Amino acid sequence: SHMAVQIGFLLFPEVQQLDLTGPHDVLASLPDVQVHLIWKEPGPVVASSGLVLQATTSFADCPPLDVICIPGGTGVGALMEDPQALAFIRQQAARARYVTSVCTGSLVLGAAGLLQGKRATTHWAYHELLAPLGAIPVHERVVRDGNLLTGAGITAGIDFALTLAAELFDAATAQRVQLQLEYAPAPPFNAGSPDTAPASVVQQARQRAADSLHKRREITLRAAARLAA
């Protein structure tokens, strides 16, 4: 309808698609929501896995949003230094009811200056990069600070989206969607946190992510310097 809640996700090359698609299917289950996938121009955008998604609107044509949500992925490093994307995020966050992200999408909110003095979370492996962007780093799944909601790594998007659903509507509506999605998780292993995974597994992961972390630390401090100027 013309009175729909307007929810927008940034869709960028090398996005981690589950950061977007998990929340999308949760929030699209709510009454009279319109969901936008936003990029520089409408058309195909390839996620890090090779899954092809389709941007529905340009930055220029996007209506004022009630909710803006930034997903994460390999592609966030480019976004943290993309003045056109950062200007769009700041413009929308001026009037949004909720300013949100999942996983390393909070590093993009950070680069836009929107985490200064705010409680935030991100993916466990990149959590150290929050403080240089002015955030108060919080080790929880879903972190609220006023109208800022951030989710932790990838699958946290589902917990984030149900939290946001209860804020947009009410607990009863969020619980109905939880039941429709049969979201009573029973993971076959207990390796979803660095605190509970086998130490051999946590060490293999930190080994893998090391080169990405050092690269993103330099991008993070260049982004922080621009906020300081």
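In this text, residue numbers run from 1 along the sequence as written.
*Asks:* State which stretch shows the higher mean Cα B factor in the entry: 17-25 or 206-214.
*Replies:* Comparing 17-25 with 206-214, the higher average CA B-factor belongs to 206-214.
*Asks:* With respect to the recorded C-alpha B factors, which stretch has the higher mean value, 122-130 or 142-150?
*Replies:* The stretch with the larger average C-alpha B-factor is 142-150.
*Asks:* Using only the C-alpha B-factors in the record, can you name which of 101, 155, 92, 116 has the highest?
*Replies:* Answer for 101, 155, 92, 116: 116, with the highest C-alpha B-factor.
*Asks:* Would you mind finding, among 192, 50, 63, 44, the residue with the largest C-alpha temperature factor in the entry?
*Replies:* If I rank 192, 50, 63, 44 by C-alpha B-factor, first place goes to 63.
*Asks:* Can you work out whether the C-alpha temperature factor of residue 40 puts it in the lowest, middle or highest third of the chain?
*Replies:* Tercile = highest for this residue's CA B-factor.
*Asks:* Report the third (lowest, middle or highest) to which the CA temperature factor of residue 56 belongs, ranking only the modelled residues of the same chain.
*Replies:* It belongs to the middle third of the chain when residues are ordered by C-alpha B-factor.
*Asks:* Would you check the entry's CA temperature factor for residue 173 and let me know if it's in the chain's lowest, middle or highest third?
*Replies:* As the PDB entry reports it, the C-alpha B-factor of residue 173 lands in the middle third of its chain.
*Asks:* Using only modelled residues of the chain, where does the Cα B factor of residue 164 rank: lowest third, middle third or highest third?
*Replies:* It falls in the middle third of the chain.
*Asks:* Ranking every modelled residue in this chain by its Cα temperature factor as given in the entry, which third contains residue 179?
*Replies:* Lowest third of the chain for residue 179's C-alpha B-factor.
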